[PDB]
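Notes follow the structure.
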There are 2 protein chains.
Amino acid sequence: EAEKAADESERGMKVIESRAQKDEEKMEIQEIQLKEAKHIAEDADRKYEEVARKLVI
Amino acid sequence: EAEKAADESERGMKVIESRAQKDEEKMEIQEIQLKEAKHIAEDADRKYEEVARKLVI
């Protein structure tokens, strides 16, 4: 009984560690792309405002 | 001895699985935010190009 429980625990720990590392990588890449996209959005909004004012003129 | 080892492994497995699941949920939220940022970027880009073309005309 103890042998079987130990084997199953080892396998579960392996799979959980793999999933956790995958999650950490996904979180990092998501944050990076999120920040880049937010900066691009700021640039686009600023350009839109400037060109709109010039258009009214 | 085997019972003690199995119980310790069980506790470690449970805590690591819980932390992995929570970080996965937060990663999903981050992906949703990234998708919204993508949409905002595309919309602002269309705004800018349309306004520039109108100004040229």
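In the structure tokens, chains take the letters A, B, ... in the order shown, each chain's residues start at 1, and ligands count up from 1 in the order shown.
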**Study point:** Residue list for chain A near chain B as a ChimeraX atom specification, 8 Å, only C-alpha atoms
**Key:** /A:2,5-6,9-10,12-13,16-17,19-20,23-24,26-27,30-31,33-34,37-38,40-41,44-45,47-48,51-52,54-55
Take the residues from that selection and put them in a file with N, CA and C atoms, as a PDB file, in the first residue's frame.
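selection.pdb, written as the output of this step:
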```
ATOM      1  N   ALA A   2       1.860   1.289   0.883  1.00  0.00           N
ATOM      2  CA  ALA A   2       2.740   2.450   0.975  1.00  0.00           C
ATOM      3  C   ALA A   2       3.531   2.645  -0.310  1.00  0.00           C
ATOM      4  N   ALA A   5       1.186   4.169  -2.909  1.00  0.00           N
ATOM      5  CA  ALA A   5       0.914   5.562  -2.573  1.00  0.00           C
ATOM      6  C   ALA A   5       2.107   6.450  -2.899  1.00  0.00           C
ATOM      7  N   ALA A   6       3.318   5.983  -2.588  1.00  0.00           N
ATOM      8  CA  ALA A   6       4.516   6.762  -2.878  1.00  0.00           C
ATOM      9  C   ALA A   6       4.689   6.970  -4.378  1.00  0.00           C
ATOM     10  N   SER A   9       2.158   9.524  -5.553  1.00  0.00           N
ATOM     11  CA  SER A   9       2.537  10.849  -5.082  1.00  0.00           C
ATOM     12  C   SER A   9       3.676  11.428  -5.914  1.00  0.00           C
ATOM     13  N   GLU A  10       4.672  10.600  -6.241  1.00  0.00           N
ATOM     14  CA  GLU A  10       5.783  11.067  -7.065  1.00  0.00           C
ATOM     15  C   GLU A  10       5.292  11.529  -8.432  1.00  0.00           C
ATOM     16  N   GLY A  12       2.272  12.530  -9.301  1.00  0.00           N
ATOM     17  CA  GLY A  12       1.497  13.749  -9.157  1.00  0.00           C
ATOM     18  C   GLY A  12       2.371  14.968  -8.936  1.00  0.00           C
ATOM     19  N   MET A  13       3.416  14.826  -8.119  1.00  0.00           N
ATOM     20  CA  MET A  13       4.323  15.943  -7.894  1.00  0.00           C
ATOM     21  C   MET A  13       5.019  16.348  -9.185  1.00  0.00           C
ATOM     22  N   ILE A  16       2.438  18.213 -11.416  1.00  0.00           N
ATOM     23  CA  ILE A  16       2.113  19.525 -10.867  1.00  0.00           C
ATOM     24  C   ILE A  16       3.267  20.495 -11.069  1.00  0.00           C
ATOM     25  N   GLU A  17       4.508  20.032 -10.882  1.00  0.00           N
ATOM     26  CA  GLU A  17       5.651  20.907 -11.118  1.00  0.00           C
ATOM     27  C   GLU A  17       5.726  21.346 -12.576  1.00  0.00           C
ATOM     28  N   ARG A  19       3.225  21.608 -14.732  1.00  0.00           N
ATOM     29  CA  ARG A  19       2.153  22.567 -14.982  1.00  0.00           C
ATOM     30  C   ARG A  19       2.463  23.921 -14.353  1.00  0.00           C
ATOM     31  N   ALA A  20       3.069  23.919 -13.163  1.00  0.00           N
ATOM     32  CA  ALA A  20       3.406  25.174 -12.501  1.00  0.00           C
ATOM     33  C   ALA A  20       4.427  25.966 -13.302  1.00  0.00           C
ATOM     34  N   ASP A  23       2.760  27.496 -16.220  1.00  0.00           N
ATOM     35  CA  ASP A  23       1.973  28.654 -15.810  1.00  0.00           C
ATOM     36  C   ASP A  23       2.853  29.877 -15.581  1.00  0.00           C
ATOM     37  N   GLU A  24       4.020  29.689 -14.957  1.00  0.00           N
ATOM     38  CA  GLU A  24       4.910  30.826 -14.724  1.00  0.00           C
ATOM     39  C   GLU A  24       5.370  31.438 -16.041  1.00  0.00           C
ATOM     40  N   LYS A  26       3.800  31.302 -18.922  1.00  0.00           N
ATOM     41  CA  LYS A  26       2.656  31.965 -19.538  1.00  0.00           C
ATOM     42  C   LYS A  26       2.389  33.317 -18.888  1.00  0.00           C
ATOM     43  N   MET A  27       2.480  33.387 -17.559  1.00  0.00           N
ATOM     44  CA  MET A  27       2.276  34.653 -16.864  1.00  0.00           C
ATOM     45  C   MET A  27       3.308  35.691 -17.288  1.00  0.00           C
ATOM     46  N   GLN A  30       2.619  36.843 -20.900  1.00  0.00           N
ATOM     47  CA  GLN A  30       1.401  37.644 -20.903  1.00  0.00           C
ATOM     48  C   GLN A  30       1.671  39.049 -20.388  1.00  0.00           C
ATOM     49  N   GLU A  31       2.422  39.162 -19.288  1.00  0.00           N
ATOM     50  CA  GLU A  31       2.728  40.487 -18.754  1.00  0.00           C
ATOM     51  C   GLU A  31       3.537  41.306 -19.751  1.00  0.00           C
ATOM     52  N   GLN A  33       3.743  41.074 -23.136  1.00  0.00           N
ATOM     53  CA  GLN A  33       2.930  41.526 -24.261  1.00  0.00           C
ATOM     54  C   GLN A  33       1.890  42.544 -23.819  1.00  0.00           C
ATOM     55  N   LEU A  34       1.356  42.394 -22.603  1.00  0.00           N
ATOM     56  CA  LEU A  34       0.386  43.349 -22.082  1.00  0.00           C
ATOM     57  C   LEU A  34       0.991  44.744 -21.977  1.00  0.00           C
ATOM     58  N   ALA A  37       1.564  46.237 -25.450  1.00  0.00           N
ATOM     59  CA  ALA A  37       0.310  46.652 -26.063  1.00  0.00           C
ATOM     60  C   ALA A  37      -0.229  47.927 -25.430  1.00  0.00           C
ATOM     61  N   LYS A  38      -0.110  48.060 -24.106  1.00  0.00           N
ATOM     62  CA  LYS A  38      -0.587  49.277 -23.452  1.00  0.00           C
ATOM     63  C   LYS A  38       0.198  50.497 -23.923  1.00  0.00           C
ATOM     64  N   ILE A  40       1.708  50.816 -26.846  1.00  0.00           N
ATOM     65  CA  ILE A  40       1.269  51.085 -28.213  1.00  0.00           C
ATOM     66  C   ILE A  40      -0.074  51.810 -28.211  1.00  0.00           C
ATOM     67  N   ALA A  41      -0.974  51.416 -27.302  1.00  0.00           N
ATOM     68  CA  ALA A  41      -2.272  52.070 -27.206  1.00  0.00           C
ATOM     69  C   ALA A  41      -2.127  53.538 -26.817  1.00  0.00           C
ATOM     70  N   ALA A  44      -0.984  55.435 -29.859  1.00  0.00           N
ATOM     71  CA  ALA A  44      -2.055  55.596 -30.835  1.00  0.00           C
ATOM     72  C   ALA A  44      -3.043  56.669 -30.403  1.00  0.00           C
ATOM     73  N   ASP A  45      -3.413  56.682 -29.119  1.00  0.00           N
ATOM     74  CA  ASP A  45      -4.339  57.698 -28.628  1.00  0.00           C
ATOM     75  C   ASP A  45      -3.753  59.098 -28.781  1.00  0.00           C
ATOM     76  N   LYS A  47      -1.463  60.116 -30.958  1.00  0.00           N
ATOM     77  CA  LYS A  47      -1.464  60.459 -32.378  1.00  0.00           C
ATOM     78  C   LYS A  47      -2.856  60.850 -32.849  1.00  0.00           C
ATOM     79  N   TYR A  48      -3.871  60.104 -32.411  1.00  0.00           N
ATOM     80  CA  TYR A  48      -5.248  60.401 -32.788  1.00  0.00           C
ATOM     81  C   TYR A  48      -5.652  61.799 -32.339  1.00  0.00           C
ATOM     82  N   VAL A  51      -3.776  64.546 -34.517  1.00  0.00           N
ATOM     83  CA  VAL A  51      -4.259  64.664 -35.887  1.00  0.00           C
ATOM     84  C   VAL A  51      -5.690  65.188 -35.910  1.00  0.00           C
ATOM     85  N   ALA A  52      -6.512  64.848 -34.907  1.00  0.00           N
ATOM     86  CA  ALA A  52      -7.867  65.386 -34.857  1.00  0.00           C
ATOM     87  C   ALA A  52      -7.857  66.902 -34.702  1.00  0.00           C
ATOM     88  N   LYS A  54      -5.443  68.962 -35.614  1.00  0.00           N
ATOM     89  CA  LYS A  54      -4.985  69.530 -36.878  1.00  0.00           C
ATOM     90  C   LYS A  54      -6.089  69.491 -37.931  1.00  0.00           C
ATOM     91  N   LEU A  55      -6.898  68.427 -37.929  1.00  0.00           N
ATOM     92  CA  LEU A  55      -7.996  68.307 -38.882  1.00  0.00           C
ATOM     93  C   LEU A  55      -9.037  69.394 -38.668  1.00  0.00           C
TER      94      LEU A  55
END
```
LSQ fit chain A -> chain B, C-alpha in sequence order, output as a short mmCIF file (atom, residue, chain, number, x, y, z; two decimals) with N, CA and C atoms, in the first residue's frame:
```cif
data_model
loop_
_atom_site.label_atom_id
_atom_site.label_comp_id
_atom_site.auth_asym_id
_atom_site.auth_seq_id
_atom_site.Cartn_x
_atom_site.Cartn_y
_atom_site.Cartn_z
N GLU A 1 9.38 5.50 8.92
CA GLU A 1 9.85 6.07 7.66
C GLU A 1 8.70 6.29 6.68
N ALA A 2 7.86 5.27 6.53
CA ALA A 2 6.72 5.37 5.62
C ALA A 2 5.74 6.44 6.06
N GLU A 3 5.50 6.54 7.37
CA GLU A 3 4.61 7.57 7.89
C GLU A 3 5.12 8.97 7.54
N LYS A 4 6.41 9.22 7.79
CA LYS A 4 6.97 10.53 7.49
C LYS A 4 6.91 10.83 6.00
N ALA A 5 7.24 9.84 5.16
CA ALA A 5 7.18 10.04 3.72
C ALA A 5 5.76 10.36 3.27
N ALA A 6 4.77 9.66 3.82
CA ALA A 6 3.38 9.92 3.45
C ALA A 6 2.96 11.33 3.85
N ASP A 7 3.35 11.78 5.04
CA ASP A 7 2.99 13.12 5.48
C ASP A 7 3.59 14.18 4.55
N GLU A 8 4.88 14.03 4.23
CA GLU A 8 5.52 15.00 3.35
C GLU A 8 4.90 14.98 1.96
N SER A 9 4.56 13.79 1.45
CA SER A 9 3.91 13.70 0.15
C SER A 9 2.56 14.41 0.15
N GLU A 10 1.78 14.23 1.22
CA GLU A 10 0.48 14.89 1.32
C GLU A 10 0.65 16.41 1.30
N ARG A 11 1.60 16.92 2.10
CA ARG A 11 1.80 18.37 2.13
C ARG A 11 2.24 18.90 0.77
N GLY A 12 3.16 18.19 0.11
CA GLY A 12 3.60 18.62 -1.20
C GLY A 12 2.47 18.62 -2.22
N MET A 13 1.62 17.59 -2.18
CA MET A 13 0.49 17.55 -3.10
C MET A 13 -0.45 18.72 -2.86
N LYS A 14 -0.70 19.05 -1.59
CA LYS A 14 -1.53 20.21 -1.27
C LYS A 14 -0.96 21.49 -1.86
N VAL A 15 0.33 21.74 -1.62
CA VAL A 15 0.91 23.01 -2.08
C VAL A 15 0.95 23.07 -3.60
N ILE A 16 1.23 21.94 -4.25
CA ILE A 16 1.27 21.92 -5.71
C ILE A 16 -0.12 22.17 -6.29
N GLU A 17 -1.16 21.58 -5.69
CA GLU A 17 -2.51 21.83 -6.17
C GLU A 17 -2.89 23.30 -6.02
N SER A 18 -2.55 23.91 -4.88
CA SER A 18 -2.85 25.33 -4.69
C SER A 18 -2.14 26.18 -5.74
N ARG A 19 -0.85 25.92 -5.97
CA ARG A 19 -0.11 26.69 -6.96
C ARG A 19 -0.68 26.48 -8.36
N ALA A 20 -1.10 25.25 -8.68
CA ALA A 20 -1.67 24.97 -9.99
C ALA A 20 -2.96 25.74 -10.22
N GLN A 21 -3.84 25.77 -9.22
CA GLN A 21 -5.08 26.53 -9.37
C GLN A 21 -4.79 28.02 -9.52
N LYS A 22 -3.84 28.54 -8.73
CA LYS A 22 -3.43 29.93 -8.90
C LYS A 22 -2.96 30.20 -10.33
N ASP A 23 -2.15 29.29 -10.88
CA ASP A 23 -1.65 29.45 -12.23
C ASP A 23 -2.78 29.45 -13.26
N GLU A 24 -3.76 28.56 -13.08
CA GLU A 24 -4.88 28.52 -14.02
C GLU A 24 -5.66 29.83 -14.01
N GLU A 25 -5.93 30.36 -12.81
CA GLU A 25 -6.62 31.64 -12.72
C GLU A 25 -5.82 32.75 -13.39
N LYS A 26 -4.50 32.78 -13.14
CA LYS A 26 -3.67 33.81 -13.75
C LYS A 26 -3.68 33.71 -15.27
N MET A 27 -3.61 32.48 -15.80
CA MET A 27 -3.65 32.30 -17.24
C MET A 27 -4.97 32.80 -17.83
N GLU A 28 -6.08 32.48 -17.17
CA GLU A 28 -7.38 32.93 -17.67
C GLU A 28 -7.47 34.45 -17.71
N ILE A 29 -7.12 35.11 -16.60
CA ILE A 29 -7.25 36.56 -16.55
C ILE A 29 -6.29 37.22 -17.54
N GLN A 30 -5.09 36.65 -17.69
CA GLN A 30 -4.14 37.17 -18.66
C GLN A 30 -4.69 37.09 -20.08
N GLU A 31 -5.30 35.95 -20.43
CA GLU A 31 -5.86 35.82 -21.77
C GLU A 31 -6.99 36.83 -21.99
N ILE A 32 -7.85 37.01 -20.99
CA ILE A 32 -8.97 37.94 -21.13
C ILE A 32 -8.47 39.36 -21.38
N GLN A 33 -7.57 39.83 -20.50
CA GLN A 33 -7.06 41.19 -20.66
C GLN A 33 -6.28 41.33 -21.96
N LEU A 34 -5.57 40.28 -22.37
CA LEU A 34 -4.82 40.32 -23.62
C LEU A 34 -5.75 40.54 -24.81
N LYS A 35 -6.84 39.78 -24.87
CA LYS A 35 -7.77 39.94 -25.99
C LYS A 35 -8.40 41.32 -25.99
N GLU A 36 -8.80 41.81 -24.81
CA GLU A 36 -9.39 43.14 -24.74
C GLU A 36 -8.41 44.21 -25.22
N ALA A 37 -7.15 44.10 -24.78
CA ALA A 37 -6.14 45.07 -25.19
C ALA A 37 -5.88 45.02 -26.68
N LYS A 38 -5.85 43.81 -27.26
CA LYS A 38 -5.63 43.71 -28.71
C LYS A 38 -6.76 44.37 -29.49
N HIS A 39 -8.00 44.16 -29.04
CA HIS A 39 -9.12 44.82 -29.72
C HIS A 39 -9.04 46.34 -29.59
N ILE A 40 -8.68 46.83 -28.41
CA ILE A 40 -8.51 48.27 -28.24
C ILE A 40 -7.41 48.80 -29.17
N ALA A 41 -6.33 48.03 -29.32
CA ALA A 41 -5.25 48.43 -30.21
C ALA A 41 -5.72 48.52 -31.66
N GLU A 42 -6.51 47.54 -32.09
CA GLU A 42 -7.07 47.58 -33.44
C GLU A 42 -7.91 48.84 -33.64
N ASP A 43 -8.78 49.14 -32.67
CA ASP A 43 -9.61 50.34 -32.77
C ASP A 43 -8.75 51.59 -32.87
N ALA A 44 -7.71 51.68 -32.04
CA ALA A 44 -6.86 52.87 -32.05
C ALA A 44 -6.14 53.03 -33.38
N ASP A 45 -5.62 51.93 -33.93
CA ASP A 45 -4.94 52.01 -35.22
C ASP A 45 -5.88 52.47 -36.32
N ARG A 46 -7.11 51.94 -36.33
CA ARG A 46 -8.09 52.35 -37.34
C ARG A 46 -8.41 53.84 -37.22
N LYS A 47 -8.63 54.31 -35.99
CA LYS A 47 -8.91 55.73 -35.79
C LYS A 47 -7.74 56.59 -36.25
N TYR A 48 -6.52 56.17 -35.93
CA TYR A 48 -5.33 56.91 -36.34
C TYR A 48 -5.25 57.04 -37.85
N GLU A 49 -5.48 55.93 -38.56
CA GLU A 49 -5.43 55.97 -40.02
C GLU A 49 -6.46 56.94 -40.59
N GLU A 50 -7.71 56.84 -40.10
CA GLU A 50 -8.77 57.70 -40.63
C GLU A 50 -8.45 59.18 -40.40
N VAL A 51 -8.05 59.52 -39.18
CA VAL A 51 -7.81 60.93 -38.88
C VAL A 51 -6.58 61.43 -39.64
N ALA A 52 -5.57 60.57 -39.86
CA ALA A 52 -4.41 60.99 -40.63
C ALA A 52 -4.80 61.34 -42.07
N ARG A 53 -5.64 60.51 -42.69
CA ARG A 53 -6.09 60.81 -44.04
C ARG A 53 -6.85 62.13 -44.08
N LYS A 54 -7.77 62.32 -43.13
CA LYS A 54 -8.52 63.57 -43.09
C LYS A 54 -7.59 64.77 -42.89
N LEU A 55 -6.54 64.60 -42.08
CA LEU A 55 -5.59 65.67 -41.84
C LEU A 55 -4.85 66.05 -43.12
N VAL A 56 -4.43 65.06 -43.90
CA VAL A 56 -3.77 65.37 -45.17
C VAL A 56 -4.71 66.16 -46.07
N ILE A 57 -5.98 65.74 -46.13
CA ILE A 57 -6.96 66.45 -46.96
C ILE A 57 -7.07 67.91 -46.53
#
```
